[PDB]
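This is the structure, below, for whatever I ask next.
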Amino acid sequence: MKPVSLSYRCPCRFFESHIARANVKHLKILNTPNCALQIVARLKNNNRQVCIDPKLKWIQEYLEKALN
Amino acid sequence: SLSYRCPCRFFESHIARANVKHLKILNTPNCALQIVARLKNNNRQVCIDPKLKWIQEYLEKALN
Ligand SMILES: O=C(O)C1=C[C@H](O)[C@@H](OS(=O)(=O)O)[C@H](O[C@H]2[C@H](O)[C@@H](NS(=O)(=O)O)[C@@H](O)O[C@@H]2COS(=O)(=O)O)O1
Ligand SMILES: O=C(O)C1=C[C@H](O)[C@@H](OS(=O)(=O)O)[C@H](O[C@H]2[C@H](O)[C@@H](NS(=O)(=O)O)[C@@H](O)O[C@@H]2COS(=O)(=O)O)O1
């Protein structure tokens, strides 16, 4: 890959839509206003980081509860 | 587990949006503290106050 310092490409090119809450170690919420996909999940069973659908069903409630 | 350590035990209350690279929201619903920031300037990760007003707006924007 192009190193970060040089890349103008939004980090998330594509999202995945079938990530279950139970397999998520954390969601990383990137501070990238200019890009459509800001949410990256780190997964528990494989430790991949996958960009996820921000409309995934469980995401909103998971985020709101973190803040209570 | 009684074994299980919550990754965040203490938080910073004075972190502003501009000094954050990203937030990590830890899937540890059991724990009081679930919010981590990687800092630009430092590159340290710190746990941050979850009642920080800007955190809400930050997360809502990410969801659109
Ligand atoms: O809607 C959810 O966030 C959710 C639904 C499911 O019961 C489960 O996810 S799964 O469909 O991927 O299996 C998960 O629910 C619970 C879950 O039992 C625990 N979280 S998890 O291990 O990461 O999956 C539990 O401690 O909290 C989840 C619900 O959130 S809560 O508000 O803290 O109770 O997620
Ligand atoms: O905008 C960002 O904050 C960011 C963008 C990159 O896509 C990401 O790459 S990475 O997650 O594979 O490393 C970058 O690096 C961070 C990342 O937030 C964290 N990884 S984690 O430990 O699983 O959460 C971070 O804590 O470590 C990475 C730093 O990379 S490094 O400088 O080359 O060592 O985050």
Side-chain angles (χ1 to χ4, degrees):
Chain A
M1 42 176 95
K2 208 179 209 185
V4 201
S5 64
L6 255 15
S7 174
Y8 275 106
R9 221 100 65 154
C10 286
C12 288
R13 300 96 219 280
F14 317 114
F15 65 82
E16 267 286 322
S17 259
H18 293 133
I19 289 85
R21 194 255 178 81
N23 202 40
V24 177
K25 178 191 224 283
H26 55 255
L27 302 175
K28 177 164 84 178
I29 318 309
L30 310 165
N31 199 351
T32 48
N34 309 330
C35 303
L37 308 177
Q38 297 177 239
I39 323 220
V40 184
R42 188 114 226 173
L43 302 189
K44 284 195 206 208
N45 75 342
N46 66 21
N47 242 54
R48 300 174 185 271
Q49 36 170 23
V50 299
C51 300
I52 51 81
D53 198 345
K55 293 317 158 153
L56 268 193
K57 191 185 184 173
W58 55 271
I59 290 331
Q60 163 166 211
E61 167 165 83
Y62 171 103
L63 299 168
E64 138 106 359
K65 315 327 204 50
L67 267 21
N68 302 260
Chain B
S1 27
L2 290 184
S3 292
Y4 181 66
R5 281 311 92 176
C6 283
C8 293
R9 289 172 40 64
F10 301 86
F11 66 77
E12 300 289 350
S13 17
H14 310 308
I15 280 82
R17 206 176 187 146
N19 34 136
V20 178
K21 270 209 263 320
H22 63 266
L23 281 5
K24 297 183 6 202
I25 323 289
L26 304 191
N27 188 0
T28 60
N30 217 75
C31 303
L33 309 174
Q34 293 170 251
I35 295 46
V36 180
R38 199 138 220 141
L39 289 186
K40 70 174 75 130
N41 109 258
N42 276 284
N43 184 53
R44 313 188 56 105
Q45 294 203 117
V46 293
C47 307
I48 69 178
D49 194 350
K51 303 290 167 186
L52 253 10
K53 278 176 183 169
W54 65 260
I55 291 174
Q56 189 159 356
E57 334 161 31
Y58 186 93
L59 301 173
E60 283 154 3
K61 270 140 189 166
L63 296 184
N64 309 330

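Naming: A, B, ... by sequence-line order, numbering from 1 per chain. What's counted below: heavy atoms across the whole structure, side chains too, no hydrogens, waters or symmetry copies.
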Between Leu37(A) and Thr32(A), which heavy-atom pair has the shortest distance, and what is it?
O-OG1, 4.4 Å

To the nearest 0.5 angstrom, please state how far the CD1 atom of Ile39(A) sits from the CG atom of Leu56(A).
8.5 Å

Could you name each residue pair satisfying ring-ring contact (aromatic ring centres under 6.0 Å, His included) that touches residues 31-51 of chain B, not counting sequence neighbours?
none

Closest non-hydrogen contact found for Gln34(B) with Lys65(A) is OE1-O, 3.9 Å

Group every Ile, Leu, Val, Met, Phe, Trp and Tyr by side-chain heavy-atom contacts under 4.5 Å, then state whether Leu26(B) and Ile19(A) land in the same group.
no

Does a side-chain heavy-atom distance below 4.5 Å link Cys8(B) with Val36(B)?
yes

Please round to the nearest 0.5 Å and tell me the distance separating atom CD of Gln45(B) and atom CG of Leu39(B).
8.5 Å

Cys10(A) and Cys35(A) SG atoms under 2.5 angstrom apart
yes

Would you please test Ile48(B) and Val20(B) for side-chain contact (heavy atoms from CB on, under 4.5 Å) and show each step?
CA-CA 11 Å; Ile48(B) 69 178; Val20(B) 178; 5.5 Å; no

Going by the side chain to side chain donor-acceptor pair (under 3.5 Å) test, which pairs reach into residues 2-21 of chain B, not counting sequence neighbours?
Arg17(B)-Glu57(B)

What residues, two or more places apart in sequence or in another chain, satisfy side chain to side chain donor-acceptor pair (under 3.5 Å) together with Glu60(B)?
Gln56(B)

Report whether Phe11(B) and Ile25(B) are members of the same hydrophobic cluster (ILVMFWY, side-chain heavy atoms less than 4.5 Å apart, transitive linking).
no

Quick one: list whatever passes side chain to side chain donor-acceptor pair (under 3.5 Å) with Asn41(B), sequence neighbours left out.
none

Treating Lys24(B) as the side-chain partner and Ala37(B) as the backbone partner, does any N or O pair qualify as donor plus acceptor under 3.5 Å?
no

Ring pair (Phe, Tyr, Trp, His ring centres under 6.0 Å) against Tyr58(B), all qualifying residues, sequence neighbours excluded
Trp54(B)

Return each pair, listed once, that meets salt bridge (charged side-chain N to carboxylate O under 4.0 Å, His left out) where at least one residue sits in residues 27-50 of chain B; pairs must be two or more places apart or across chains.
none

